[PDB]
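Peer 1:
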Amino acid sequence: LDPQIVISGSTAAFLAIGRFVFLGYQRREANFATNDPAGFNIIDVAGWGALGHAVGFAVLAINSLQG
Amino acid sequence: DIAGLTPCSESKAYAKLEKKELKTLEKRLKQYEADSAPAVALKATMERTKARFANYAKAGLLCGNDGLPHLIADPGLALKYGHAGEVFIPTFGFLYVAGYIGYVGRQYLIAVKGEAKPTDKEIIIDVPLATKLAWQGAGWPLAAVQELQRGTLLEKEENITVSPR
Amino acid sequence: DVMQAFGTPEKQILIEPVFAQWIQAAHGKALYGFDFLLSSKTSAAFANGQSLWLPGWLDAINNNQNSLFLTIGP
Amino acid sequence: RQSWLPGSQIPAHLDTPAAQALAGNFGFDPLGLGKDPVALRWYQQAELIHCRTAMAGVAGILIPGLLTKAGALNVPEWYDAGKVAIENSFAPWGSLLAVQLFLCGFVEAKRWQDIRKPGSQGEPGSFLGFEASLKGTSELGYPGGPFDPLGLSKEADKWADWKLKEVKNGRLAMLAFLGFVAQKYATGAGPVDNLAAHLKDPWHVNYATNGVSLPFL
Amino acid sequence: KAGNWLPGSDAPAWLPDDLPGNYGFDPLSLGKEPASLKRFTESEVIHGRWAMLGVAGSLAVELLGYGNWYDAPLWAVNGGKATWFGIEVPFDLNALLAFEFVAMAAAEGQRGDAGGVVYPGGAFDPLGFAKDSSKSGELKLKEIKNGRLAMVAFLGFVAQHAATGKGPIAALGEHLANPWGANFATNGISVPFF
Amino acid sequence: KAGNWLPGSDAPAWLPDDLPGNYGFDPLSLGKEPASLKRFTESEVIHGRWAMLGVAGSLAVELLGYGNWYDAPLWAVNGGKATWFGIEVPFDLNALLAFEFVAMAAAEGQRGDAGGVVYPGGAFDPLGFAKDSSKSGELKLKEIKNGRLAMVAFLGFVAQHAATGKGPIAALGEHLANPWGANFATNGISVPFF
Amino acid sequence: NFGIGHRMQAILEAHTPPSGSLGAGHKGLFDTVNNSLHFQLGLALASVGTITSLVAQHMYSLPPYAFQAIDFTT
Ligand code: CLA
Ligand code: CLA
Ligand code: CLA
Ligand SMILES: CC1=C[C@H](O)CC(C)(C)[C@H]1/C=C/C(C)=C/C=C/C(C)=C/C=C/C=C(C)/C=C/C=C(C)/C=C/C1=C(C)C[C@H](O)CC1(C)C
Ligand SMILES: CC1=C[C@H](O)CC(C)(C)[C@H]1/C=C/C(C)=C/C=C/C(C)=C/C=C/C=C(C)/C=C/C=C(C)/C=C/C1=C(C)C[C@H](O)CC1(C)C
Ligand SMILES: CC1=C[C@H](O)CC(C)(C)[C@H]1/C=C/C(C)=C/C=C/C(C)=C/C=C/C=C(C)/C=C/C=C(C)/C=C/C1=C(C)C[C@H](O)CC1(C)C
Ligand SMILES: CC1=C[C@H](O)CC(C)(C)[C@H]1/C=C/C(C)=C/C=C\C(C)=C\C=C\C=C(C)\C=C\C=C(C)\C=C\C1=C(C)C[C@H](O)CC1(C)C
Ligand SMILES: CC1=C(/C=C/C(C)=C/C=C/C(C)=C/C=C\C=C(C)\C=C\C=C(C)\C=C\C2=C(C)C[C@@H](O)CC2(C)C)C(C)(C)CCC1
Ligand SMILES: CC1=C(/C=C/C(C)=C/C=C/C(C)=C/C=C/C=C(C)/C=C/C=C(C)/C=C/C2=C(C)CCCC2(C)C)C(C)(C)CCC1
Numbered sequence: 032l033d034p035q036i037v038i039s040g041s042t043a044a045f046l047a048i049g050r051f052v053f054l055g056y057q058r059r060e061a062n087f088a089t090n091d092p093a094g095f096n097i098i099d100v101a102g103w104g105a106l107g108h109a110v111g112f113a114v115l116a117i118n119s120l121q122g
Numbered sequence: 063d064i065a066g067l068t069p070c071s072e073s074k075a076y077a078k079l080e081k082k083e084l085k086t087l088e089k090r091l092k093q094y095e096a097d098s099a100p101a102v103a104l105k106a107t108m109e110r111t112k113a114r115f116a117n118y119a120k121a122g123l124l125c126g127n128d129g130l131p132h133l134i135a136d137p138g139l140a141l142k143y144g145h146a147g148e149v150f151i152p153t154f155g156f157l158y159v160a161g162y163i164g165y166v167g168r169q170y171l172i173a174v175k176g177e178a179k180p181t182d183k184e185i186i187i188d189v190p191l192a193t194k195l196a197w198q199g200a201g202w203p204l205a206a207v208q209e210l211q212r213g214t215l216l217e218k219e220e221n222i223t224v225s226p227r
Numbered sequence: 442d443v444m445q446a447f448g449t450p451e452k453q454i455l456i457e458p459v460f461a462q463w464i465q466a467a468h469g470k471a472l473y474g475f476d477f478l479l480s481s482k483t484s485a486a487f488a489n490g491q492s493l494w495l496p497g498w499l500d501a502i503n504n505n506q507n508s509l510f511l512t513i514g515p
Numbered sequence: 027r028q029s030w031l032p033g034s035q036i037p038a039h040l041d042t043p044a045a046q047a048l049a050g051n052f053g054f055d056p057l058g059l060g061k062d063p064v065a066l067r068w069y070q071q072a073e074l075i076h077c078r079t080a081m082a083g084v085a086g087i088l089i090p091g092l093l094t095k096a097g098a099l100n101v102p103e104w105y106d107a108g109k110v111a112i113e114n115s116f117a118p119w120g121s122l123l124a125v126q127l128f129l130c131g132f133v134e135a136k137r138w139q140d141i142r143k144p145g146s147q148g149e150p151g152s153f154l155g156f157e158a159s160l161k162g163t164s165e166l167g168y169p170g171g172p173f174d175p176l177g178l179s180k181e182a183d184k185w186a187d188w189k190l191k192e193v194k195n196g197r198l199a200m201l202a203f204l205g206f207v208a209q210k211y212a213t214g215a216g217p218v219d220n221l222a223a224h225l226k227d228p229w230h231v232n233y234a235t236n237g238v239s240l241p242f243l
Numbered sequence: 031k032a033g034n035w036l037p038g039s040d041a042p043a044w045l046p047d048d049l050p051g052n053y054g055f056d057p058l059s060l061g062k063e064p065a066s067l068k069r070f071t072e073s074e075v076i077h078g079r080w081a082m083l084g085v086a087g088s089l090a091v092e093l094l095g096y097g098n099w100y101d102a103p104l105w106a107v108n109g110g111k112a113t114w115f116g117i118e119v120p121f122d123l124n125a126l127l128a129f130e131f132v133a134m135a136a137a138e139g140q141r142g143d144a145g146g147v148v149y150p151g152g153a154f155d156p157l158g159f160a161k162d163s164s165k166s167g168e169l170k171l172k173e174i175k176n177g178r179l180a181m182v183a184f185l186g187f188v189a190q191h192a193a194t195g196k197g198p199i200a201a202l203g204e205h206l207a208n209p210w211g212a213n214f215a216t217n218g219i220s221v222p223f224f
Numbered sequence: 031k032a033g034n035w036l037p038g039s040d041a042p043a044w045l046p047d048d049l050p051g052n053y054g055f056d057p058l059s060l061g062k063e064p065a066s067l068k069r070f071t072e073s074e075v076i077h078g079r080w081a082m083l084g085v086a087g088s089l090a091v092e093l094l095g096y097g098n099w100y101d102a103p104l105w106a107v108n109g110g111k112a113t114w115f116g117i118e119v120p121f122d123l124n125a126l127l128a129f130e131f132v133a134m135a136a137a138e139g140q141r142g143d144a145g146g147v148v149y150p151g152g153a154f155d156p157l158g159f160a161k162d163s164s165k166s167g168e169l170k171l172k173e174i175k176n177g178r179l180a181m182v183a184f185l186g187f188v189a190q191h192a193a194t195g196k197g198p199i200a201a202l203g204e205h206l207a208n209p210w211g212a213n214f215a216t217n218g219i220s221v222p223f224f
Numbered sequence: 295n296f297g298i299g300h301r302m303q304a305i306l307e308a309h310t311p312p313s314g315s316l317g318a319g320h321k322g323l324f325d326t327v328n329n330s331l332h333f334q335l336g337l338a339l340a341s342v343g344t345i346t347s348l349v350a351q352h353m354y355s356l357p358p359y360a361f362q363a364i365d366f367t368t
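Residue numbers (the entry's author numbering), protein chains in the order written: chain A, 32 to 62, 87 to 122; chain B, 63 to 227; chain C, 442 to 515; chain D, 27 to 243; chain E, 31 to 224; chain F, 31 to 224; chain G, 295 to 368.
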């Protein structure tokens, strides 16, 4: 597992799922101006981006344990 | 067997305890003449001791390292390993007797409540009625289920007093 | 107390703490012979943690000189 | 009114016309178990099933036993027959009991639902056309229909007598089974031996001389 | 109503007769509230559809001689390689987990927003079976009944494996070979005292 | 009424006079409900038609020295191959089971969906025969009587084999050889004791 | 302050069993807890007190400090 590849891919995946899948649900649950059409503000990026980093490091961490 | 315990029948500590107990009784039986009433009494206690150690072992009781019988209370272990006369069966025996007392007493209170002076029937016991209920209490378990199913066992909350809250 | 006073300690009620001993067995203690979970070397819970903490834990929980899950009785 | 105890006070719940319509009503309920009508109905069903099971079982212990005593049969004693039968069976006892509970539970559930609501098992379209026959009669515990192949229940001038013989023979067979259990534990022999032994010396061979029934005398 | 689960019993009032697969079975009255029933109706259909795929897959793998549903993922904990209909799969657990998570997150997410839509149709009904209403009732009943049977089968697959350690087809083989000697009552686990 | 099964008995009113094979025999009152009688009527004809083919082929095989009905499937249980009229048939049990299941489910499904049609026509009635009702009635009585006879015959074959373990023709030979020595009462099974 | 996160009042208000087994559920509890220092102190004491007993049970069974288990008095 290439550290740069795992994390990079992980962050992108969460940013995508949070921008095209759960954005509506989160907004509905929610009941920083962004020119993004779907209104994806920076704080939203920070959140999903963080999730991605965590998941990425987890994969690398367990992989480093070799199994 | 269970919990690392050992049958009293195969415990060495169980055997040593029985010898220790009989040796105390024997050290005392000496100071008395053979037919003396004291001697007869110490002998009957020695016989009762021998029967107890034998009866307990035959019942298949398990003994700890202390050489003393331990009781198995898990329904699963007791039934699968022959230890149900230790806690399980006793439980249903007591529950029957205790419910018997409770159901009869409840039946008495209900009967005297419809009288002129219930308080008087609580200080002076209506013996005939009490004896009748005492005999009819043998079938309490079925009566208690039949009352539970008719909804006559409990009282409506609307009729029970409570504090302001 | 009465059974001890009348010199009949074999007549005392001594209920074994089987439910607690079963938990201790589950945690690894084999003194009770329940053989399950961490007390069973063929259990998955045993195999999964064999390369992690179990080894050190099992050595300690099976040592009767520390205070880790002391032996219990009536 | 026939009484289990001449001169005793019959419970009013057993003197009610519906209770008197019940077969075997000799006014016997000293513990007052059937005071509640709804319970009396469940207990009447329970007594009928116990009577019909005990009659079948006791017939399956005495009849084979007498025939074996004669020679016409070589059946083992009732208390040893399970081991003998399972010894050469196609299935272990556990598998045989599992199949028993499935088949008994099904027919017991249908009978149960018929007690909860009589005639319910005739629910149209519930049993491939057999539900029509699964409806019992106007009397609970007396299904008739396929259960009365010879139509003896159709003779109203003989109905009461037939039900009284069933209840009295059933109550006797229930006590005969309890006797078979008690005598087995007190003798170590079978019911046919116990009978022959007593008949040989009735004054010295009885429960008073068994060394168990009367531990005081 | 599809029928009665307990002949001669009264069907609960909360269960609509139009509800596909109504046999009056709600003894716990879990569906006595309408909103709870609406979720339970979508979840039964969803569970049934997964179960049917699962049981079909569980049977196929063994019937095609590729092992049983239980030993399928061992290659990951055995340091091997993925295999499908024999073909070796180039991805590994890490890749499988990622692809799936993204795929399932997208699909389920899309379905969740659509609401309780149980029968989507359109792109999901290409051959146009449930276009009308007359065919619908029976086809939805067949779907709910086959889903209920598959859910029970899968449960059976797990329970039987846990007690015997054999695959469904291998267990059928033993039961057919010795019906009275090879069943749950002979396992030594289902009934402890049997 | 084709007759009275029990002379001196009155026929159950629920049994229609035209009902083919109406000998007034419903002692347990099973056909009392019209719906039930309808299903039982169709089932009785189906049972008779199947049995009339079973008895035929059960006697034919033995008469043609190809074995008895009971030993016909043992080839599958052993390593033996399948034969028919001596000619060998190349199929394992599994193939036969699947082929029959699909074939039966198909034809039986069409019959079932039809709606209890006991007497179809055209393909099932070439060679005319049932075009005139006058002939139809007697022909329907002959079918039910021959079918009922064949149903009692098959049960006899199964019972005889269960008590003697021999083929139906082989029994007929044993009985004809010694009628008073070879009969149900001389098998040690039908009549106890002796 | 950033548009993301949970509103405790919304969480509590949503936790109401649909069958009415808990009445209005946790409705009004946000304000009940937020406006009652005694309610807040009751929870803190109940939690800290249970945690204090855990410290006692875990420190003796799993001694975290070197040469602590040999110091019986300590
Ligand atoms: C009330 C508290 C209590 C507690 C703490 C236990 C604890 C225990 N029971 Mg149990 N039991 C209880 C009440 C309790 N029982 C009651 C009221 C009954 C009457 C029905 C039983 C009937 C019972 C049976 C029949 C069995 C146990 C058994 C056991 C032991 C293992 C059971 C298990 O896996 O989880 C704990 C169990 C419970 C929390 C509740 C009941 C026990 C379940 C229902 C039995 C399932 C056991 C299962 C087969 C696991 C063991 C596998 C194998 C060794 C048999 C365990 C130490 C098993 C055993 O060890 O037998 C040798 C056994 O088979 N119990
Ligand atoms: C008809 C008699 C009777 C009955 C049916 C009950 C029933 C009950 N009592 Mg109770 N009680 C009784 C008498 C009775 N009590 C008396 C006389 C006292 C004064 C000591 C109490 C004091 C008492 C307390 C303090 C408590 C109960 C509680 C309870 C409930 C819990 C179970 C329990 O028994 O706990 C145990 C009850 C006892 C140990 C009291 C023993 C009373 C004796 C054994 C009963 C004898 C009654 C009478 C002499 C018999 C008359 C017979 C008649 C023919 C003349 C239960 C419903 C507990 C409860 O509320 O739980 C919800 C509870 O805390 N009771
Ligand atoms: C599955 C086979 C079958 C079925 C469905 C029927 C159905 C029917 N028969 Mg029939 N019958 C049969 C076999 C069958 N029969 C055989 C083999 C014989 C030759 C002995 C006869 C002789 C016969 C006569 C003489 C008459 C009927 C009549 C009838 C009709 C009257 C309604 C009725 O009796 O209730 C419904 C019937 C059933 C539900 C049969 C189902 C099978 C039973 C109920 C299950 C258990 C049977 C049990 C094992 C006993 C079997 C015999 C035993 C030795 C094994 C009915 C539609 C009467 C009629 O009017 O016909 C037009 C009538 O006159 N049958
Ligand atoms: C009424 C009254 C009222 C008031 O109030 C009170 C009082 C008095 C309480 C009451 C009384 C009561 C009584 C008396 C009761 C009794 C009961 C019984 C005995 C039952 C049995 C019951 C019994 C029964 C069922 C039985 C059954 C049996 C059977 C199945 C059999 C089986 C078998 C056989 C064949 C043989 C083999 O080899 C074995 C076996 C397996 C064993
Ligand atoms: C209704 C009611 C009401 C009343 O009131 C009461 C009561 C009774 C409570 C109730 C009932 C309930 C019930 C019965 C339930 C059941 C459930 C189930 C069984 C499910 C399953 C469920 C199941 C399911 C889904 C399944 C799934 C599966 C899947 C996806 C897949 C899988 C797989 C495969 C392919 C193969 C591989 O190699 C492996 C795997 C990966 C493993
Ligand atoms: C929507 C759409 C649209 C368009 O337009 C059209 C189309 C395309 C047509 C459609 C689609 C559809 C689909 C996909 C379907 C699927 C289905 C399935 C798979 C089912 C299963 C289904 C399945 C099922 C039921 C299952 C069943 C099972 C069972 C019973 C089991 C049995 C058993 C057990 C337990 C165990 C043992 O050991 C063995 C055995 C014996 C084996
Ligand atoms: C009506 C009535 C009414 C009133 O109510 C009363 C009562 C009496 C209840 C009733 C009655 C009923 C009855 C009697 C029934 C009977 C009988 C029978 C036998 C049936 C069968 C029936 C039978 C049948 C179908 C059969 C069939 C058969 C088949 C297909 C086939 C076979 C075979 C062959 C070819 C050859 C090979 O190698 C093998 C096999 C494959 C094996
Ligand atoms: C009928 C009767 C009475 C009783 C009245 C009432 C309402 C009693 C209430 C009972 C209630 C509400 C019980 C509620 C829950 C009880 C539960 C959950 C049962 C717990 C028992 C367990 C877990 C069994 C434990 C074990 C078993 C198998 C037996 C032993 O082996 C010991 C042990 C612990 C291992 C009246 C009036 C007091 C008067 C009198 C007679
Ligand atoms: C705008 C736009 C776009 C896009 C762009 C981009 C590219 C974005 C991205 C951005 C990004 C790039 C994001 C990211 C984020 C991330 C983050 C925010 C992270 C964080 C981290 C964390 C939180 C961690 C933590 C921790 C540590 C520290 C230690 C260990 C453990 C852990 C890991 C947990 C497009 C073209 C589409 C369209 C148009 C416009």
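Idealized CB from N, CA, C, for every residue including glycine.
(1) Let me check you understand the geometry: is the CB of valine 149 of chain B closer than 7 angstroms to at least one non-hydrogen atom of ligand 8?
(2) When DSSP labels each residue in this structure, what does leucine 198 of chain D get in the three-state scheme?
(3) Can you check the stretch 92–176 of chain E for any beta strand (DSSP E) of at least 3 residues that lies completely inside it and give the ranges in chain order?
(4) Out of F/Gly116, F/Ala106, F/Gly110, state which residue places its alpha-carbon closest to the alpha-carbon of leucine 127 of chain F.
(5) Hey, how far is the Cα of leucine 141 of chain B from the Cα of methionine 353 of chain G?
(6) On the three-state DSSP scale, how would you describe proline 69 of chain B?
(7) Kindly indicate which three-state DSSP category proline 100 of chain B falls into: helix, strand or coil?
(8) For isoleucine 364 of chain G, which residues in chain A fall below 7 angstroms Cβ to Cβ?
(9) Report buried or exposed for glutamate 95 of chain B, applying the criterion of at least 16 other Cβ atoms within 10 angstroms of its Cβ.
(10) Nearer than 7 angstroms: is that true of the beta carbon of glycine 161 of chain B relative to any heavy atom of ligand 8?
(11) So if DSSP puts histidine 230 of chain D in a beta bridge, which residue, or which two residues, is it bridged to?
(12) Using 8 angstroms as the limit for Cβ to Cβ distance, is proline 357 of chain G near chain E?
(13) Cα separation between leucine 139 of chain B and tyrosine 53 of chain E?
Peer 2: So, from the data block:
(1) yes
(2) helix
(3) 112–114, 117–119
(4) F/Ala106
(5) 39 angstroms
(6) strand
(7) helix
(8) Ordered by position in chain A, no residue passes the 7 angstroms Cβ test against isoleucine 364 of chain G, which lies about 35 angstroms from the chain.
(9) exposed
(10) yes
(11) None, per the DSSP bridge assignment.
(12) no
(13) 42 angstroms
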